[PDB]
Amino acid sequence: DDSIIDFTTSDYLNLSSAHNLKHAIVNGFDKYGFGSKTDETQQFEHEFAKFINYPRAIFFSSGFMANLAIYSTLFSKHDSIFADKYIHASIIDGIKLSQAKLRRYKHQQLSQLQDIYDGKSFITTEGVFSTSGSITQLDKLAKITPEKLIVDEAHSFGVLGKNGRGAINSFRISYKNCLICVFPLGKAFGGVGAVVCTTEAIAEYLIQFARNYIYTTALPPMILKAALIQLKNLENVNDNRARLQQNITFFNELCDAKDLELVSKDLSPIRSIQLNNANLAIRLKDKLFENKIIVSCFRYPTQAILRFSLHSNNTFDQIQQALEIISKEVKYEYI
């Protein structure tokens, strides 16, 4: 019941239960009521852009709505966009609705991207990939596709970079290389919505041609006071980031020691364990869950993945117990 070991939320900093947001919500609701239609939106956008160090920030109601706004208003069927084979399905949806032609490369194979790249099209990527937990080398990517980067920070924001400013920040990339980065606030930020950071040109262009996408879908204003506080919470919990890292490092050393294969050995809070058999994977999941341990399960290339989401409040005993149980079952498959 409460002795649940959750390795599937995305609350990487345990901020969703921040204890200093209740007044904010209460006040926001007294001022704006329950509905819609802001001082605080612009205030938030100002503070976000400042934190990330971009010229402009537009607040959207969801990650998906941001992406749609971006791909459907800036691209058409005459453009191409290059994208990692494992890019998140939400981003693909946005792109496909735009009608742009998608061109794919194998996971993190920057060299292969180099081989097919056309010298002109935009490239979309994730700072940390939801699928494999790999960390894209934005600095190498910017050499290959200068001026042409779109980066989703769903899983880097709050986790990578200085004070959790994210992947763009941690690789020291400027809006001259990445014109548009998207910050969904549903994960480490422990909130809702998404912020698009861009140039003045792109922002104004988006505000004029994506008006319906921004305003017909806006979140209720009563929660923007809370969001300002959570931006500071995220900035402030460096000790939570350190805890998180310790769990990540332990996880990886334990998989190495038990010869459990990871899709990626990068230092991110998504750890995806590779199983050659789907059936074994549904088993392990049911097994772990009888032990009050909840993970996620996926199958893609022909292979199946048990996917762990780590968080700052997880312990090594929890991670040890889970991998012990996995390791034990994989040993029977060595037959």
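The numbering used is simple: start at 1 and walk along the sequence shown.
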* **Deposited residues lacking coordinates between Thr302 and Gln303 (none, 1 to 3, 4 to 9, 10 or more)** => 4 to 9
* **Gap size, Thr38 back to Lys37 (deposited sequence, no coordinates)** => 4 to 9
* Which of 122 to 130 and 92 to 100 has higher mean CA B factor, as the PDB entry lists it -> 92 to 100
* Average Cα temperature factor in the PDB entry - higher stretch of 188 to 196, 70 to 78 -> 70 to 78
* Structure fact -> Per the deposited B-factor column, the C-alpha that peaks among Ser268, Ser272, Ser62, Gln42 belongs to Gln42
* Which one of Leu310, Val295, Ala281, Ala49 shows the top CA temperature factor in the record? -> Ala281
* **Record-listed C-alpha B factor of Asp115: chain third** => middle
* Asked: Ranked by Cα temperature factor within the chain, is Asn14 in the lowest third, the middle third or the highest third?
  -> middle
* How does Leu244 rank on Cα B-factor within its chain, lowest, middle or highest third? -> lowest
* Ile25 - Cα temperature factor, lowest/middle/highest third of chain -> highest
* **Third assignment of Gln230 from its chain's C-alpha B-factors** => middle
